């Protein structure tokens, strides 16, 4: 079949793969419980991305959706990855700053909406309605970034500077990477079809790997994960 984007699915599989192992090993050597908590979460994130990147490399998670007069290539496995990976990341951020149960619930729920409306949008046949769904998903994302920026940051000020520091970095990395997803989606295959599938896959692996292995590297080398 050899699709053009495959080289990127292969690089993503590999990066996600190397990251899950390194974290796994690091985490089972650690004895501190809290740190163990953070390790178990952060290692799972790329582990899942790894399976999905593998599937897509092997020909799964792809479907052709009709809209705009075309049979467009829609990688739906991505939402199968992000449905569980994005909330887990919010959780790491939530545990880092002592977020309350209610804040976490609303965050994940928001996240659930964002990924669901996003997939629904990527599956929609009427071109215009694709952007309606995309719109809701993005609005849901903004709520999440808001809580993380205004909420969390504020509560991270009750922690040690080392903890608030690790968090700001993590929060900052998240805000920049997440912000880029709706835009890639809008000018890509699910959207205006301006950017070709291959460049889009590369944009997505870069963000994905940056947001999971990048985020993890920073979180796990920090002494903030300890109780």
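Positions refer to the first chain, counted from 1.
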Mean C-alpha B-factor higher for 214-222, or for 10-18? 214-222
Comparing 149-157 with 131-139, which stretch shows the greater average C-alpha B-factor in the deposited entry? 149-157
Select one of 188, 182, 46, 69: the residue whose C-alpha shows the highest B-factor in the crystal structure entry. 69
Peak C-alpha temperature factor (PDB record), options 176, 195, 35, 41: 35
Comparing residue 164 with the other modelled residues of its chain, is its CA B-factor in the lowest, middle or highest third? highest
For residue 55, the third of its chain into which the C-alpha B factor falls: middle
Among modelled residues of the same chain, the CA temperature factor third for residue 116: lowest
Using the B-factors in the PDB entry, rank residue 126's C-alpha atom against the chain and give the third, lowest, middle or highest. highest
Entry-reported C-alpha B-factor of residue 83 relative to its chain, by third, is lowest
